[PDB]
Structure formats: structure tokens, C-alpha cells
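Take a look at the structure below.
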Amino acid sequence: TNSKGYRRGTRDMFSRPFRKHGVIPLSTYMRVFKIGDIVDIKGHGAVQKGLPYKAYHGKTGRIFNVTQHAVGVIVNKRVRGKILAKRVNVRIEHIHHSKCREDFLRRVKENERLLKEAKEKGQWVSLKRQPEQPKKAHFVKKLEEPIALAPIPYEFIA
Amino acid sequence: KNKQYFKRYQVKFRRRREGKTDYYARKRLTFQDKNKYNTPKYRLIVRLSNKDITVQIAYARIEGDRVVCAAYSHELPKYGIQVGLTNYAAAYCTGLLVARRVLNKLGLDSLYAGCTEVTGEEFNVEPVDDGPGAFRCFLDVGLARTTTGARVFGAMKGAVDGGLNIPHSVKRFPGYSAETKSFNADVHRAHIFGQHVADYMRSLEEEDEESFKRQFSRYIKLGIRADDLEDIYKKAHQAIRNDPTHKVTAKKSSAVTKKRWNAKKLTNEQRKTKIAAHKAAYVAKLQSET
Amino acid sequence: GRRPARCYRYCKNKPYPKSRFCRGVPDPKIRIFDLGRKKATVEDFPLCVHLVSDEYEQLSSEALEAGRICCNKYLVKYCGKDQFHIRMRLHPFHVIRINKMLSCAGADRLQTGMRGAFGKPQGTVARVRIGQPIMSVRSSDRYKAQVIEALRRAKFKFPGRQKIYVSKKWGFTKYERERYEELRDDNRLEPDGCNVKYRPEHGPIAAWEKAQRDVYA
Amino acid sequence: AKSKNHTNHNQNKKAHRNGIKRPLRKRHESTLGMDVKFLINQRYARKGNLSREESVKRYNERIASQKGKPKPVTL
Amino acid sequence: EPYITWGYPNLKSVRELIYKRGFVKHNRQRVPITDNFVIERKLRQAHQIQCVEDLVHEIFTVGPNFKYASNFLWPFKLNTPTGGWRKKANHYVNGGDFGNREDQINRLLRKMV
Amino acid sequence: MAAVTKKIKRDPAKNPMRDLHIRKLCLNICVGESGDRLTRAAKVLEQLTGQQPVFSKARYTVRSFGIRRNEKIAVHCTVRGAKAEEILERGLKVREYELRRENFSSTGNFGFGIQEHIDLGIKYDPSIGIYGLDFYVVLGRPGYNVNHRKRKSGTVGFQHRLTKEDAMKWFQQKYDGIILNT
RNA sequence: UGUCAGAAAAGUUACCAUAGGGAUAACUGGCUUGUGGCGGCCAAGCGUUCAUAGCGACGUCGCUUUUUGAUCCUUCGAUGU
RNA sequence: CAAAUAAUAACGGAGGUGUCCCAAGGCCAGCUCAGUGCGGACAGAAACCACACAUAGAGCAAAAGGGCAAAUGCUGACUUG
RNA sequence: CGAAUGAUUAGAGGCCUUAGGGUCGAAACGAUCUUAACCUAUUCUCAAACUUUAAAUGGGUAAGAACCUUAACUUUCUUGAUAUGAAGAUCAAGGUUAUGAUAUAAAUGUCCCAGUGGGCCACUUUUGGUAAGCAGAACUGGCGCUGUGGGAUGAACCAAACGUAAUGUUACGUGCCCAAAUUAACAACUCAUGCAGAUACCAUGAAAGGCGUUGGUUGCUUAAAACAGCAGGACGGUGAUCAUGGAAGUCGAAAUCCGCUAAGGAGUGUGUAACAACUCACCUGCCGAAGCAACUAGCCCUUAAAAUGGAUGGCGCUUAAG
RNA sequence: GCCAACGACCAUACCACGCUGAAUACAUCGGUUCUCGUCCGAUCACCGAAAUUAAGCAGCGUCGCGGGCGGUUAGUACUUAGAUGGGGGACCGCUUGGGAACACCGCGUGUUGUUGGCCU
Numbered sequence: 002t003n004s005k006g007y008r009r010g011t012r013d014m015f016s017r018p019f020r021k022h023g024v025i026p027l028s029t030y031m032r033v034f035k036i037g038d039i040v041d042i043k044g045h046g047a048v049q050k051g052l053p054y055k056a057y058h059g060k061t062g063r064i065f066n067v068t069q070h071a072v073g074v075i076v077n078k079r080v081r082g083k084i085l086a087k088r089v090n091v092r093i094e095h096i097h098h099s100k101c102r103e104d105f106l107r108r109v110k111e112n113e114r115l116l117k118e119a120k121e122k123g124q125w126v127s128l129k130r131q132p133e134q135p136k137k138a139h140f141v142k143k144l145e146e147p148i149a150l151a152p153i154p155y156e157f158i159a
Numbered sequence: 008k009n010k011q012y013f014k015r016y017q018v019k020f021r022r023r024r025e026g027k028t029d030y031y032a033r034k035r036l037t038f039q040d041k042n043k044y045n046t047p048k049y050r051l052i053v054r055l056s057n058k059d060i061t062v063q064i065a066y067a068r069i070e071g072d073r074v075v076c077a078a079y080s081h082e083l084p085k086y087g088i089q090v091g092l093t094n095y096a097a098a099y100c101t102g103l104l105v106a107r108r109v110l111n112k113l114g115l116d117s118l119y120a121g122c123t124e125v126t127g128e129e130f131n132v133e134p135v136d137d138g139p140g141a142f143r144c145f146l147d148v149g150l151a152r153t154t155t156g157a158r159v160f161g162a163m164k165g166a167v168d169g170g171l172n173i174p175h176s177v178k179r180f181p182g183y184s185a186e187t188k189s190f191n192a193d194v195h196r197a198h199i200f201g202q203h204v205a206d207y208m209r210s211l212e213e214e215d216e217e218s219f220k221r222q223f224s225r226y227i228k229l230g231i232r233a234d235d236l237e238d239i240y241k242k243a244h245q246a247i248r249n250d251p252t253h254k255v256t257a258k259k260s261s262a263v264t265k266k267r268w269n270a271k272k273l274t275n276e277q278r279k280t281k282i283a284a285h286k287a288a289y290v291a292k293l294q295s296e297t
Numbered sequence: 002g003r004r005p006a007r008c009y010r011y012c013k014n015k016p017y018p019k020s021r022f023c024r025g026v027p028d029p030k031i032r033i034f035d036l037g038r039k040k041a042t043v044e045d046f047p048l049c050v051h052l053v054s055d056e057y058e059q060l061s062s063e064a065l066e067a068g069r070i071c072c073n074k075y076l077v078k079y080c081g082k083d084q085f086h087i088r089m090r091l092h093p094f095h096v097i098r099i100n101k102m103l104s105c106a107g108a109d110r111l112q113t114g115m116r117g118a119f120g121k122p123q124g125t126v127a128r129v130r131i132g133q134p135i136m137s138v139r140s141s142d143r144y145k146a147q148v149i150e151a152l153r154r155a156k157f158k159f160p161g162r163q164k165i166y167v168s169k170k171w172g173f174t175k176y177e178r179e180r181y182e183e184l185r186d187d188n189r190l191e192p193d194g195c196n197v198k199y200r201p202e203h204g205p206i207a208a209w210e211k212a213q214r215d216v217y218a
Numbered sequence: 002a003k004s005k006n007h008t009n010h011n012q013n014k015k016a017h018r019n020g021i022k023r024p025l026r027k028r029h030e031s032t033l034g035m036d037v038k039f040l041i042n043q044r045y046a047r048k049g050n051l052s053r054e055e056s057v058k059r060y061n062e063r064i065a066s067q068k069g070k071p072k073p074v075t076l
Numbered sequence: 140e141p142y143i144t145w146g147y148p149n150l151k152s153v154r155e156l157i158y159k160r161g162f163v164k165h166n167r168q169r170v171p172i173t174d175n176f177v178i179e180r181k182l183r184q185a186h187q188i189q190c191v192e193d194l195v196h197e198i199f200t201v202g203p204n205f206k207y208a209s210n211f212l213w214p215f216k217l218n219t220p221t222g223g224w225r226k227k228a229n230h231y232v233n234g235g236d237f238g239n240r241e242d243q244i245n246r247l248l249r250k251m252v
Numbered sequence: 001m002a003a004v005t006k007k008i009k010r011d012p013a014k015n016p017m018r019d020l021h022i023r024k025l026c027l028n029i030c031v032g033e034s035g036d037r038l039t040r041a042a043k044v045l046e047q048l049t050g051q052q053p054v055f056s057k058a059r060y061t062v063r064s065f066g067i068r069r070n071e072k073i074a075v076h077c078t079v080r081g082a083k084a085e086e087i088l089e090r091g092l093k094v095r096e097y098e099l100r101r102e103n104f105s106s107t108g109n110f111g112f113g114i115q116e117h118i119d120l121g122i123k124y125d126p127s128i129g130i131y132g133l134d135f136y137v138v139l140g141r142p143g144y145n146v147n148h149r150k151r152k153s154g155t156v157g158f159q160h161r162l163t164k165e166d167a168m169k170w171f172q173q174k175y176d177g178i179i180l181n182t
């Protein structure tokens, strides 16, 4: 009967990776964080100041604040069963940029590049994503060394 | 040591493996705030050598520092100083050369002239009104030992004489004693104009006159006498204040394919034929057993 | 009090070791794992024969101790004194505890009736898996029939069921007998006691001519 | 007599009924616990917008009277 | 999967389910068919469906208004098979029922329609 | 091995810049325990060297010699460069320059020890007492400050780095000693 | 203010009382069997000689709750121990 | 334990707390630790001096865990955030 | 686990100068090195409080007017020497709202509204405990709170949730109880002398066997005449020795070498005190066709012992009604 | 082809050796009056010029170690979901998807940014 307290169970959460110990690379402090930016939390065990508490590791929020060393990130925690949006002041070394939306934003960049040159053709602009449709009718040619090439089900004996 | 701490071996970065960077200071020199979002900070980098003084202005960007102004000591022959390129005196020129090199291209030489009245006092430029102040640098010394009177502090007073706003204290200027401070501009003024290099070569024709052919050689070749240095450096402090034009050269265009020497390394077909005859002629040599 | 493994037959739990965290673990009275001519070379004993578990049992230390002696005493009686190497490949680092209830004098009431349960380590056992060997005897091919009966006599002292496999290997090395014979027929099998050394192309080259200076000379 | 404490049984049936409830999406989220020197006369970066188009596209040529600030902003 | 069987309908199975069993959704209510005006009054201004064979077309050949052609319908409240089932809790490929029957959804719709 | 070397020889790779001079000489007096005995032992080296020496403290406790943590047992100093060649050869003819064989480290330094400290041109002077000393001669070529600078450091390599058998080679020539195979 | 969201607090009752409790012991009944014993395999060996006439080590697989624990399910408006 | 987010029980298992600290806090600078090898009179298994290797195998009031090498370790400088 | 930390098993190659002393030698270095240390290439087996690696099922976020690119304004706080930053406030320009499927109507307040705050069962994962119809947890589904169909019976299992009716169609079943097959449907398996066997959960039964029968895998002999049987020898070159219960063809047994041909065993034996013979090999027969073992897993048997009389639910079934 | 200062990623860059090296450089190097610091001008600080096969980033070489990427292990191990499946149990088969790891073999052995120069 514990969780309680504050870095418990984080023997593997705030560990370092293997041979990624030591000095922090310098671009970690050279990243720019503007208000309203999507941001993951993966805490740094080698920076003992401004670590998020363990519920928020692995999560994802939006930057609501910038101060001199940290960003306020607003993160969702399910406190059962309901979702509060938690405001967590977290230092910059524990904070990353989300890649999730900058491969949505390279489609807004193409839902206006492809609708641009569609002023000549007209249609279909085809600006929606399609799931993996079932395949087609297609003519598999053999030739290729005609078949059989015939498996039979056999591997036991030892 | 044998295959198994090599597996667990984590190198240091690349430059701390090679002595170049602190990274405990590089972390703290290149610190910008996060609510100062992408503003550069432009530190002042004077690195010494044996026969060069590289002064630079670089700002912290991710894919490398970007160098915005670079004045060396191997160009001060163009301004009237032929030898003694790594002086305490010859740094204040490259200090002052890199400040006037950057305020003309930033247009900030009409305002922020500087200190041509070179005295050795503490000099902190008050901001010219109708707007904020001047270009700020911060001094980046590396791991030069910052004891009082080093030549690395001989480019901070050179650059602050051009007019740049680099934050100060005179504690490490040559001629400010340690009990107390005891400001004394005159030993700083002596060192600025190269007096105590002149005084040593005015004290060496009294003790050991043969040692001119030793230390302070090539003053004998180029004819620089000891009473000239207080006016060699003085007339250089306006010939530098009149032509800071970056020394840009145009070979046009001889950098790539020069001309003959690509230095290929043993394409793996050769290495597998290198150990074709290395293996075949060994057992033929072992057929000279029988 | 050495109660047998007769009623142990749901075994559940992650292996508690004899480590720096339950210190008080005893010296084992079951120590030796291998016997016979254990100084024989690779070339002496071509035949390997295993006793292989086709269940998921929990073989006891006293079961494994008993089964080695019955495999020993038949082989030193029939196929020669030192024509075998028995390797008992199940080293039992397990802790089975016991809640002992010191209930002498019938009156004390203090220690444990059902509250509370710290244990005391008495057992030591080996998990086997399907297809996983239990002991391998290495001997010649003249005594192939004498080998299997000593493993048969060891079967009836283990729980579960077990299958006696003549392996097609050449000894305890992980080679086919043909692939052992081909690879030893040029240079590449540089022998040791139990095992050979393998097929070296690396590194760097100094131990290639040392082979070639000892294939010709 | 000491019966049965602690279970998360029924606790997600019972928490999925009135459902598991995202907060709600606002156009105006609060500025509180935010950097106060970022806010305190950016209150007056709003209050300096006395006009925004009439007197303001006058300014595009009022500073192009001095040809803008095209060079010296480059430090 | 274990609560469901599916497969790939014929044209005849598309028709017989909409002819015999096809009901339709009219302002949240369930309205049988009985004429083409129940299909046309809700899918001809927006989509181009007025007949029954319209609704059989853009369901069978999966057309661009399939989303509307199949949410217009109510779920087909089928009968029970004649001869009944096979096991109901094994896969079709085990010994029979749930999952993809794949062409044998037709034979089972003859029993249910 | 037999990797191709190709050995381009524009000059025979001799050693003008590879001097194998004396770096420094280490002079220790490991007195047993503290008190005023080190003070009268420390002043024998300002007589010998001129530099005032340093008071090395004992690291561990032993209870067998009587030393503890920080009990100031020894006195040492170091002499570097052409002033060692006073105190080297002045204490080497005491050892009658012919010296033992090991006595010669694999690291290239070598050293010896003499008792009877008044054979260094020192008058006997019973106000201080006689002492036994510890002479260690570290030895090196130019470029050995490559690992000593704080900025842009490095390591010396194989050649240069001088063996035992080139300190002996330096000793059969300078002072003309014999190596005394014992 | 450690009973740590924080009364100011020693026993005994076989002379006993009350409200309840099978949310809770004492015995029966149930499940359980570590403990005892009764079986079957393998055979080191004992038995002058002979492995099983009679035995039978180290192992091994079961049966047996009744002693005996463990348990708290039924009964405390009472199942006579 | 705990079943790869967090949560999670038993009189489950292994321990720790009720303190210590004018430095063991703050910060700059210099420095490299465990051990190992070849050496140097008394001096040995260890005393000290000195060279070479040392991925932290040391040390950090820390119970365990994480973390840390021109440091958060060792030494000095001023210091009281 | 031929990576660290912890274990742990065996050898192999060696630095050596650690020897535990050796060995041929007073110690020897004049040689074998003897072994054990130490080093190096391997090796067996492993970890609730180890881990380079690393799933499945999971956790979070995103998937557009609340948007995307502009233009130039505001700012003291805001930063910059920039009233280009960074936030904000405006005008400009932008085909087809930017996966799928759904919409039981969703949103939001108030009575902080009543009851509740003993739970219990199950798959899977789990801890304690020898075990438990025991103790404690995670997950989802259930009983509580719920009838009805099936499991004879039954809180929970399988199916299915329920207005009042008519008709038709459905997992468990179809010898009789009892609705529906003693199936104009089959192929096999099995004989059980005191519970043959008979539907999940589930109402127990093992290890190990069977020249009981059924199928199967491996190896020999074979159409050179085997297999079986009626028909021959089996003594000995010799109590070599081992040996006196005693080994003369034989307990044990270091040891191990010999008859003859068509063809005979220093030979296993209760103990034939020690001897004899004898006969399961060899091989000439007749026979003249398949024989031999070893192994495997179906059913049945065996292993298999309780107390009122008794339970596949009952009857009863045996080319089944298992 | 390179050289330097400042870097980013932080072993494809490391480690062990071996062998080259034009030119700018970078060094080692010389000295202690000055500023500065040591027990010591070795280190640090400062003045600044008399010889090169050590640093240095390399040019590299290595059937190199490590590290890196691919292949193969392997549709293997495990695992989602299912059954009135099996078995006395332990556990195992199949259905429905998902899908590793060591090793093993092969491959390559820093990539580049800004600013100043050199041209074999």
C-alpha cells in the first residue's frame, strides 16, 4: 500500500537510455516555444529541477505560457472518470515538439497547392483522405518459370 | 581494454574529446530566455594562439554558430604593425578592429564613435538618445585562464573602445593591483601602446646585449626600435578607425577539385583482392618449407 | 522436515533466488552436476544422448540427485569405468519456502496460525520446459545400447515424462556429425576439452597463418 | 470482521455512464498564472489600438515618408 | 467478429432485401416503402435517387452517395433462417457461423428474406 | 600482420627534436611520524635546493606505523631543469654513477635512493641530524607537455614515448654509468 | 497534538446486567490436509549362495481426515457440550 | 509486488524517517575518482614520492533508486538567496 | 548472460614467478613443470527487488473558418538599439470543410435529490498459503436487482433478457419416461466377474505395465529355404587363475587367449557339498512362407479400499440406446 | 583536394597500432624584465622567434576491437479475440488478427553549418 510519493515507480521512467548519459546536447535550450504549440512530455532524469510528476510523462499538451526557463503546458489527465485539463509548469529540457500535426500541416500545404492547379481541370480535386480500399482486379502473369513450386506441410521430426 | 567496456563505452561529445569547448560554459554563454523567443545574443569570441589572435562575433543557432564579424591579427601589417602579432598591445587593435568592422556595416559608426582618447580608464558607453543603446557582445574566453592582464581581456577593451556594449569590470585589466583595487589606468595605458614590450627591449641593451639576437629578433631585421612602439600603435588606432573592410578576397573560383588529390580509400573489391594474394603467396612461402 | 514434492503440483510464482535479498539461504547438500571422464577430449566421445522433458514439470533437487547416481552406477558397471561424461543440465536455483508453525507445548498462540505469513526456505527445484534437456551423457558409439538403459533407469526417478533422444550431434558440440567431420578435415575446428572452436574469418589475420604454419608444419 | 477493502470493481461501468467526458473546447482560455509582464501593458498593446484602419493606413505612408525602416533593423 | 456474420451480396440479394424487407427513415420514423415517393422525397434534391433501382444501384455498385443510400434505410429486421443455424459460436471456417461466410451470405439471405 | 607501410623516406627519421632531456627530479624524505622531526628534515632541502618544500600528509591510518589521516609524515620537493643536474650528479657519484638495473621503470623514469644526506656537499651539522632520501628522475622528450596543456589536449603516441631501454641508453652515455645486472 | 485532519483518561467481575451478532470464537456438519499411516512403479542392496521366498535405500506417483491443524459457510429470539 | 501510462490489496517481501548541516548552503576557478601496472634507501601485504592506464567500477549527511566527470565528486576564493 | 551487475558448472590454452610444496636434483633454472593460484579464447544453467534488445494488448495527441498563407498597425509591460520580434487589433486572397462509420437528440443548470458506502461468482493475470466451497488484488463480463429455454438437480454456466395474444422459424436434444430418428444415413472403435461406458463447467483418480485388441514408426531374417516344431552335438586346448557354500563347460571375477565342421558356448544357472549332465546358440534337416523383436498412442483392463439401500436423472442399452 | 576559429548531431566520430603529409595554419619550441601564478616559468600568465616526422584534424592502412546499418533468425517466440476444443492434471492443438530478440553473416567507418585562408 503505496504509490505516495513523488518519484516512486520512476526507476525506469526517469532513467537515462543506454549510453545516452552525461552532458545534455546544446540544441535542447535552442528550441523556440510559442504560445499554443503542441508539445510532448518525456522527462529528463539528469535535470532534477522542473521535472513533471509521473502522470504526465508520455502525455501531450499545448503550450499556454512561456517564461524564462519553462513552458506552462496544458495537459489532459483522466481523473476517473472525467478529464480535467491540467496546467503543468515544466522546464524546457523535459519538453519536446510534437511531430503529430506537422504532417497534417503538410497536407493543408497540399490542399491548397492541388486546389490551385485545379482551377484548370476542375475535378476531382480529391481533398479527402481515403482508407485502404480493396485492391483491384489485376492480371498476375506468371512467366516466372511455371508453377509448382508447390509447398506441402512438413516440419516436425527431432 | 578488451571488448566489454567498449560495448558500454559512451564517448564525450567531439570537442570535449579534443579540448575545444567547455559545454558547461557553452551552455551558459549561449543561454537565451524562452520569452525572448528567437533573439540572437552575439557573444564576443577572442581565441589566442601562438601567432594569431582570432576575434569573432557569433550567435547561437542550431545547425551551427553563425559568425557575423571576424578580425584576425594576420592583417595588422596593413595598419602599420609588422611584428609582435600576439601582444597585449596587438590585441587592442584586433579588439578595436572587430568593433569598427561591424559598426560600419550595421551603420552604427556615425553614432557610437568610441574612445580614440585611449587612456586605460573604465569606459562604458552611454546610449545615444533617440532610441536604445548599441550592439552588445558578451566576452567568450573558452578556458583561457582569466587572470588579470591576459591578452583575452586585451580584446574586450579594444572592442569596447570601438563602442560595443560589453559588460565590464576592470579587475582583469593589466595594471589593476590586488591590494586593493586600486584602479590605475596608466599601466593599462602602458600596455595598450606597447610600453612594457618597449621597456624590456630598452632594458636588454643594459644586461645582455647579445640577447637582441635572441628575443626581439626580427625587430633587428625590420628595423623597429623601442621608442617607435608608442607611436607605431598610436598611429594604427586611426588607420584602423578609417578602413574596416573585412578583407574579402576573390580567387574565382579555386576551392573544389584542387586538382589532383581526391585521396580514395581502398574500394572493397581491392581489399578482397589485397587478401587474395596475401593469402595465396603466404602458403606458397609455406611451400618453400618443403 | 523434508516433506516430498508429492503435493506441490500447482507451482505458480516468480523465482525467488538465493541472493542479497533473502540472505539465510543454506549451503546445498546437492552440489556436483557432472561426472565420469570429464577430462576427456572432444574426439574421445562422439555420441551424445539426452534425456529430454516433454512436459512442464518442476523437477526436484533430490529427484535430480537420485537420477544421476542411478545413471552413474549402471554405466560404471556395464560399459566401462571411464567411458562416459554425464552432464546434469538442470542447476536448481529456486526457493520453495515453508511456513513452519512451531506449535510445541500447545499453548503459545503468538507466532502464526493464518496471520501472518513470512516463510522459511526449504526447497530447491528446477523448472523444465518442453524439449529442454535434463541430462546428457557423452560416450562412444560402441556403448550406444548401454547408454540408453542408464537413462531409462533414471527415468523412473523423475516426475513427468521424458524422452530419450540419441542426438545426431558429434558430442556436446553443436555440430552435425557430418559437419563436424568436414570442418575438422581442413583446419577450422581447433579443439578444447568439451567443445571445439569454430570457423574463424575474423580477426585480424595473425591467426590465419598460425593455422597455415600448423597445417603444413 | 475485517471484511473486504479496496476494489476497482464496477468503477469504470460507474464512470462511463455519464460519460468519460472531454472538458470542452474554448476560443477564450484564461490568462491567469501566465507571465504577468507579458500581459500587463499588452493590456495596453490593445488599448493603443484607438483606431486600426482609418488613421493606420495613413501610417503606411507616414513612415514611408522616411522610406520605412528597411535597412537598419538587420542587427 | 463473434457476434456477426458477413459476406458479399449478389444483385438478387440487394433487390430482395430492399423489395421485401426494405424500410426507410423519414424524420426519425420508420416508413415502409410502398411507392417511389418515399425514396424520392428525401434523396432527390440533394442526391440523385428517386426510384428503388436507384437505391439498389448506389448500394450494389458502391457509388458516391453510398453513405446516404445505406443510412437512409433502417436496419434490415430479418426473420430467422429456415433450417436455422450451424453453431453460432464457432467461426464459419471452423464448423460454421460468425465471421465472413463471403459468398454464402447469399444462401442465408434466402432463408431470412 | 603485414599491412602495407610504403615508408616514404625524404629524411631518415632521426631525433633532433626528440632530445630525451630531464624533466624534473623528485626529492622525498618520508619521515615516519609528525612532530619537529620533519621541520628539521624539511630544512635540509632548502639547504640543498633553495626552494622551500611541502608537507605531505598521510592518507590512511595504519596503527602499525602510527600514522593516521592527515598526520604530515613526509617532506618532498621537485627540481626541474639544469638545477637537477646539480643534485642529480651530486647524488649520483655518491651512488658512484654505476647504478642498479631496476631502478628503471617501464615508463622511462628511473630513480634511486641514498642514505647519508651529508654526501651532497653538506657539512654534517648535528643540529639537524642525518637523513636518508629518495631521488626520482622523471625523464622526457620535447612535446611531453602535449597532455599537460588545458586547451586542446592530446596524447603522446608510441614513438615518441621512451622505454626503459632508452633511459638506460641515456645513462650509459651521460655520466657513463654501467647498468649492473642484478 | 507520533492514535501524526489533532478527546484530557487505569484495572477487575466466576456476583454480574442490557442491546445485538452466526458481520465473531467454543462443539456438530462442509471443504482442506501440511502430520500420521495404506497401497503401486524403478531396483542400490540385504537374504551363505540368490535383486524380488521374505525384504527393500535414494527417488517417484496416488489413496486416506478420522486424530490433527487450517478455515469461518450454516446455527448466538440456543441443534444439550 | 503490479500484469510495458498513471492507479492498485494482504499482519505480502526488503529496508528507511522523527534527524544532521556556518558548510554538508550559495557561486566561480583549479582539479580527477575506484582500482591496476612498472618504479623509488630505511619501507615490508599495505606509509610516502612520482610516471602510465583507467566509463565513473569512486564520491556525493542520503535508506533504496535515479542522476552526475574541465560536475552535483576533491580542493581553494569570497560569501549568507 | 560468448554485454554490465548477481549468480553458478565443467574442462581447454597459457602470461606466470603467486607457488601448496614439488618432480630428476641439497634448492637447482640441469629437465618433466606436478598441481593450485593468476590471465586469456570457450562452456552448462539462471534471476520479485538484474538487463544491450524488446512485442501483443495499452496510454496520449492530431486529423481546418476556432483554418491557411499575406499586407502594415499597436505595445510603457514586451523584447530587441527593430515602436521586422512576440502577442494583439484590422483590412486583403483562398472551388468541393479535408479518414471511416454513428447520431440511442445531444448541451447546461438546479434539488448536492433518494438509496448506497457487508458484496459475491467466473475466464485471464496474480500474491500469500501444504491446501481450501480459504485470504488478497488487476481486467472485463455476470448474480445481487431477473423471469424464461438448456445443464436431471442448482445465484453465477450455455442460450436469451420478459407488455397481452395468434402463427411461423431457431444453439440443447430426437429407444421409453418426454416434444422429436430405434434414421429405407454411414465408416470404425470397445466385452468391462461386482460403478463397461455414456456431453462442457461437473461433481475426482495418477505414476508404471498388458504375447487384451486396434492402428502406427524404426531395424533385422526371408522365397539361399529361414520362422516354429519331431529329429544332432554343446564336451571341452585344463580345477589357467579367480577358488574352498565352491567352480572340473559357470557367484564374484583383475581379466581373455584355443576346439571342429553340416555343425558344440573359461556357459547363464534354483543351488546339481564341489563334479555330471542337460538344453534356449552354431548348423545338416523336413518344413517352403512370411517370421522376428524394439518402439508408439486409441479403447478396454489393471493399478482402483468405506461405512443406511441407490443412482449416466430413472428404466434399461451391447452389428448400441457407449 | 585542404587549413583554422566557432559549432550542430554526439563512436559510421571511439580504441589499438602502422605509414604518409604540398601550402596556409596549427604546434611543439625560446625567455622570464613586465602582468600573473606555482614547492618548482612543467602547468597557468606574459614577452616571441632560433629546429621538425609527436599532437592535430586527418590522408590513410588493418580478412583490427567497438559502434552503425541491412539481411537472416522467423511468420519463430510471445500475444489479441473464439469455442459445450483436447487432456486426469500440467499444459497442448486449431480459429482470428498482430508480431519480436540475442546471436549469426554481410556492409560501410563521421556527416555537415557559418566565417576567414591555402592550393600540392
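Residue numbers (PDB author numbering), protein chains in the order written: chain CT, 2 to 159; chain CD, 8 to 297; chain CI, 2 to 218; chain Cb, 2 to 76; chain CF, 140 to 252; chain CJ, 1 to 182.
Even for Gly, the Cβ is constructed at its ideal location relative to N, Cα and C.
Secondary structure of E237 of chain CD (DSSP, three-state): helix. Exclusion of the five residues before and after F205 of chain CF leaves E197, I198 as the residues of its chain whose Cβ lies within less than 7 Å of its Cβ. Scanning chain CT for C-beta atoms nearer than 7 Å to the C-beta of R23 of chain Cb yields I84, reported in chain order.
For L150 of chain CF, same chain residues with a beta-carbon under 7 Å away, outside a window of 5 residues either side, are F199 in chain order. Within the region 66 to 90 of chain CT, contact with chain CD at the beta-carbon level (separation under 8 Å) is assigned to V67, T68, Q69, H70, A71, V72.
With three or more CB-CB distances shorter than 8 Å, the region 165 to 182 of chain CI counts as touching the region 42 to 59 of chain CI. Fewer than three Cβ pairs drawn from the region 73 to 81 of chain CI and the region 185 to 195 of chain CI lie within less than 8 Å of each other, which leaves the two stretches out of contact.
Residues are counted here when their Cβ sits less than 9 Å from a Cβ of chain CT; for the region 34 to 60 of chain CD these are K34, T37, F38, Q39, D40, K41, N42, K43, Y44, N45, given in chain order.
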